[PDB]
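> One structure, as structure tokens, below. Some questions next.
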Amino acid sequence: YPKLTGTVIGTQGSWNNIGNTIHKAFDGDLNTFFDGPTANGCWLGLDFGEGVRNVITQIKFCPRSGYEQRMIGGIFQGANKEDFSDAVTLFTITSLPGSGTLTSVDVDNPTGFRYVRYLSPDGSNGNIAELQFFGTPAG
Ligand SMILES: OC[C@H]1O[C@H](OC[C@H]2O[C@@H](O)[C@@H](O)[C@@H](O)[C@@H]2O)[C@H](O)[C@@H](O)[C@H]1O
Ligand SMILES: [Ca+2]
């Protein structure tokens with residue numbers, strides 16, 4: 001299934017205002033990463049757009065090099081409300097992701113979502129180098 005496109009959404013700003021914003025997780029470079037402005041609460045994802053819903057069949061991600069531990073416990077969610085109050089967890093990261101590569105995980109949830117995100121665990125500053133969603137328009 002193809003890589004899904006959308007509008008990047010999530011935590012605004014970056015650590016020490018250096019500029020490593022959420023957009024660095026979608027730029028195709030595994031060397032660039034999102035470094036959030038706070039230790040906790042950081043998240044990033046996509047809005048596929050009004051009236052657009054995709055079924056998610058796979059997620060790929062790559063940790064920030066040297067900070068792979070900061071992804072453990074992170075979750076990926078799908079939702080149809082931008083505040084994620086109706087979210088369901090699509091996958092939970094429970095082991096250390098390999099450095100410098102995209103780890104691919106299958107998703108088995110038939111629901112169509114307008115919104116998807118990665119919700120980072122405490123102490124991570126949202127650290128992630130790259131994030132990709134795959135799937136198909138909801139029937
Ligand atoms: O705390 C978030 C922060 O963690 C690392 O930096 C930790 C500290 O490193 C030190 O060398 C000092 O620069 C100190 O100011 C830092 O808090 C990451 O390298 C950084 O990007 C950021 O994620
Ligand atoms: Ca990147």
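Starting from 1 in every chain, residues are counted up; chains themselves are A, B, ... following the order of the structure tokens, and ligands are numbered from 1 as listed.
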Mind the document's chain letters and residue numbers, and return as an mmCIF file with N, CA and C atoms, in the first residue's frame the residues of chain A that DSSP labels strand (DSSP E).

data_model
loop_
_atom_site.group_PDB
_atom_site.id
_atom_site.type_symbol
_atom_site.label_atom_id
_atom_site.label_comp_id
_atom_site.auth_asym_id
_atom_site.auth_seq_id
_atom_site.Cartn_x
_atom_site.Cartn_y
_atom_site.Cartn_z
ATOM 1 N N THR A 7 -1.522 16.889 5.970
ATOM 2 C CA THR A 7 -0.952 18.061 6.601
ATOM 3 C C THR A 7 -0.290 17.642 7.906
ATOM 4 N N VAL A 8 0.937 18.090 8.113
ATOM 5 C CA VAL A 8 1.652 17.750 9.362
ATOM 6 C C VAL A 8 1.004 18.555 10.530
ATOM 7 N N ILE A 9 0.685 17.859 11.614
ATOM 8 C CA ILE A 9 0.095 18.467 12.813
ATOM 9 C C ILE A 9 0.900 17.991 14.005
ATOM 10 N N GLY A 10 0.800 18.714 15.116
ATOM 11 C CA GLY A 10 1.474 18.264 16.324
ATOM 12 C C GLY A 10 1.988 19.444 17.120
ATOM 13 N N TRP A 43 3.893 15.393 20.424
ATOM 14 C CA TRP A 43 3.266 14.465 19.502
ATOM 15 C C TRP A 43 3.317 15.046 18.104
ATOM 16 N N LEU A 44 3.137 14.204 17.089
ATOM 17 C CA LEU A 44 3.112 14.714 15.703
ATOM 18 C C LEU A 44 2.381 13.699 14.855
ATOM 19 N N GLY A 45 1.867 14.150 13.740
ATOM 20 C CA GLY A 45 1.078 13.239 12.907
ATOM 21 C C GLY A 45 0.566 13.945 11.687
ATOM 22 N N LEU A 46 -0.528 13.408 11.122
ATOM 23 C CA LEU A 46 -1.069 13.942 9.891
ATOM 24 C C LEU A 46 -2.574 14.097 10.029
ATOM 25 N N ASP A 47 -3.048 15.163 9.415
ATOM 26 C CA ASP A 47 -4.433 15.300 9.077
ATOM 27 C C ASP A 47 -4.569 15.052 7.569
ATOM 28 N N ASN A 54 -8.380 7.237 5.784
ATOM 29 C CA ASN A 54 -7.607 6.117 5.289
ATOM 30 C C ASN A 54 -7.645 5.040 6.310
ATOM 31 N N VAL A 55 -7.640 3.801 5.830
ATOM 32 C CA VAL A 55 -7.384 2.645 6.637
ATOM 33 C C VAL A 55 -5.857 2.484 6.657
ATOM 34 N N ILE A 56 -5.291 2.312 7.846
ATOM 35 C CA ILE A 56 -3.855 2.245 8.027
ATOM 36 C C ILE A 56 -3.454 0.772 8.058
ATOM 37 N N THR A 57 -2.531 0.398 7.169
ATOM 38 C CA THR A 57 -2.088 -0.983 7.117
ATOM 39 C C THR A 57 -0.652 -1.175 7.585
ATOM 40 N N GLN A 58 0.101 -0.086 7.657
ATOM 41 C CA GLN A 58 1.455 -0.204 8.101
ATOM 42 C C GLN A 58 1.912 1.152 8.585
ATOM 43 N N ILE A 59 2.803 1.114 9.555
ATOM 44 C CA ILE A 59 3.502 2.324 10.041
ATOM 45 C C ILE A 59 4.997 2.044 10.005
ATOM 46 N N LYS A 60 5.782 3.021 9.548
ATOM 47 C CA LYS A 60 7.234 2.909 9.640
ATOM 48 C C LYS A 60 7.783 4.080 10.390
ATOM 49 N N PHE A 61 8.834 3.840 11.156
ATOM 50 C CA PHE A 61 9.439 4.920 11.913
ATOM 51 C C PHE A 61 10.919 4.695 12.088
ATOM 52 N N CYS A 62 11.640 5.766 12.386
ATOM 53 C CA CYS A 62 13.068 5.638 12.640
ATOM 54 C C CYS A 62 13.327 6.555 13.842
ATOM 55 N N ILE A 75 3.258 5.514 21.397
ATOM 56 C CA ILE A 75 2.133 4.824 20.746
ATOM 57 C C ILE A 75 1.774 5.559 19.475
ATOM 58 N N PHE A 76 1.074 4.851 18.581
ATOM 59 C CA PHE A 76 0.551 5.457 17.368
ATOM 60 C C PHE A 76 -0.954 5.305 17.480
ATOM 61 N N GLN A 77 -1.679 6.363 17.110
ATOM 62 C CA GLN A 77 -3.117 6.400 17.228
ATOM 63 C C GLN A 77 -3.770 6.832 15.949
ATOM 64 N N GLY A 78 -4.978 6.321 15.714
ATOM 65 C CA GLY A 78 -5.786 6.844 14.649
ATOM 66 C C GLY A 78 -7.003 7.515 15.282
ATOM 67 N N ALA A 79 -7.553 8.537 14.620
ATOM 68 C CA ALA A 79 -8.720 9.211 15.170
ATOM 69 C C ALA A 79 -9.477 9.927 14.068
ATOM 70 N N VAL A 88 -7.947 5.362 18.856
ATOM 71 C CA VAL A 88 -7.650 4.013 19.220
ATOM 72 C C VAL A 88 -6.128 3.855 18.963
ATOM 73 N N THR A 89 -5.505 3.032 19.789
ATOM 74 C CA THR A 89 -4.072 2.801 19.647
ATOM 75 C C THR A 89 -3.852 1.770 18.569
ATOM 76 N N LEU A 90 -3.069 2.137 17.577
ATOM 77 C CA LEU A 90 -2.760 1.246 16.443
ATOM 78 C C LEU A 90 -1.557 0.379 16.714
ATOM 79 N N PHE A 91 -0.602 0.868 17.523
ATOM 80 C CA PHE A 91 0.595 0.075 17.796
ATOM 81 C C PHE A 91 1.284 0.732 18.979
ATOM 82 N N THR A 92 1.904 -0.076 19.827
ATOM 83 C CA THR A 92 2.698 0.426 20.928
ATOM 84 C C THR A 92 4.138 -0.054 20.772
ATOM 85 N N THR A 103 11.732 1.013 10.947
ATOM 86 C CA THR A 103 11.142 -0.175 11.497
ATOM 87 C C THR A 103 9.714 -0.161 10.980
ATOM 88 N N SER A 104 9.267 -1.282 10.418
ATOM 89 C CA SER A 104 7.936 -1.333 9.824
ATOM 90 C C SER A 104 7.046 -2.213 10.678
ATOM 91 N N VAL A 105 5.835 -1.739 10.992
ATOM 92 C CA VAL A 105 4.912 -2.540 11.799
ATOM 93 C C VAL A 105 3.592 -2.608 11.067
ATOM 94 N N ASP A 106 2.968 -3.780 11.090
ATOM 95 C CA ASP A 106 1.646 -3.933 10.452
ATOM 96 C C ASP A 106 0.555 -3.409 11.375
ATOM 97 N N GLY A 112 -11.513 3.606 9.160
ATOM 98 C CA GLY A 112 -11.012 4.752 8.384
ATOM 99 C C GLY A 112 -10.731 5.946 9.300
ATOM 100 N N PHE A 113 -9.524 6.508 9.223
ATOM 101 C CA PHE A 113 -9.157 7.674 10.040
ATOM 102 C C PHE A 113 -8.812 8.893 9.238
ATOM 103 N N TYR A 115 -7.205 11.324 10.995
ATOM 104 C CA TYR A 115 -6.016 11.800 11.724
ATOM 105 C C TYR A 115 -5.225 10.614 12.223
ATOM 106 N N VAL A 116 -3.875 10.731 12.208
ATOM 107 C CA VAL A 116 -3.049 9.697 12.833
ATOM 108 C C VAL A 116 -1.906 10.458 13.559
ATOM 109 N N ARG A 117 -1.348 9.879 14.600
ATOM 110 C CA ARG A 117 -0.189 10.527 15.230
ATOM 111 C C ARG A 117 0.646 9.523 15.992
ATOM 112 N N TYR A 118 1.855 9.984 16.309
ATOM 113 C CA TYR A 118 2.723 9.338 17.252
ATOM 114 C C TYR A 118 2.639 10.191 18.539
ATOM 115 N N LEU A 119 2.412 9.527 19.679
ATOM 116 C CA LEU A 119 2.249 10.195 20.987
ATOM 117 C C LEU A 119 3.423 9.712 21.834
ATOM 118 N N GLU A 130 11.939 9.910 11.733
ATOM 119 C CA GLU A 130 11.100 9.844 10.545
ATOM 120 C C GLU A 130 9.867 9.018 10.855
ATOM 121 N N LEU A 131 8.764 9.394 10.230
ATOM 122 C CA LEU A 131 7.477 8.775 10.529
ATOM 123 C C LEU A 131 6.691 8.679 9.257
ATOM 124 N N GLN A 132 6.159 7.494 8.960
ATOM 125 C CA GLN A 132 5.415 7.259 7.732
ATOM 126 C C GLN A 132 4.221 6.365 7.973
ATOM 127 N N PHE A 133 3.135 6.685 7.287
ATOM 128 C CA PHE A 133 1.941 5.870 7.390
ATOM 129 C C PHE A 133 1.589 5.333 6.035
ATOM 130 N N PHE A 134 1.108 4.079 6.012
ATOM 131 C CA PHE A 134 0.703 3.469 4.742
ATOM 132 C C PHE A 134 -0.697 2.958 4.853
ATOM 133 N N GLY A 135 -1.400 2.981 3.739
ATOM 134 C CA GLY A 135 -2.714 2.388 3.736
ATOM 135 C C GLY A 135 -3.511 2.776 2.519
ATOM 136 N N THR A 136 -4.826 2.775 2.700
ATOM 137 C CA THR A 136 -5.723 2.808 1.559
ATOM 138 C C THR A 136 -7.000 3.633 1.918
ATOM 139 N N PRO A 137 -7.583 4.361 0.948
ATOM 140 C CA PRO A 137 -8.782 5.134 1.258
ATOM 141 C C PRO A 137 -9.857 4.212 1.804
#
> Check which residues fall inside 7 Å of ligand 1 when counting only C-alpha atoms and all ligand atoms, and print them as a short mmCIF file (atom, residue, chain, number, x, y, z; two decimals) with N, CA and C atoms, in the first residue's frame.

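As written to disk, result.cif reads:
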data_model
loop_
_atom_site.label_atom_id
_atom_site.label_comp_id
_atom_site.auth_asym_id
_atom_site.auth_seq_id
_atom_site.Cartn_x
_atom_site.Cartn_y
_atom_site.Cartn_z
N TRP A 15 13.17 22.13 20.61
CA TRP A 15 14.12 22.25 21.71
C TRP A 15 15.11 23.40 21.47
N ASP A 35 12.90 17.36 17.73
CA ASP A 35 13.37 17.50 19.10
C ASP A 35 12.39 18.52 19.71
N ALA A 39 10.04 18.08 27.64
CA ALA A 39 10.31 16.64 27.83
C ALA A 39 9.07 15.78 27.53
N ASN A 125 11.12 14.15 24.82
CA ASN A 125 11.08 15.35 23.88
C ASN A 125 10.55 14.96 22.50
N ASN A 127 11.26 12.68 20.59
CA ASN A 127 12.34 12.34 19.64
C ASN A 127 11.97 11.23 18.68
#
> Would you name the residues within 10 Å of ligand 2, counting only C-alpha atoms and all ligand atoms, and put them as a PyMOL selection string?
chain A and resi 20+22-34+61-64+128-131
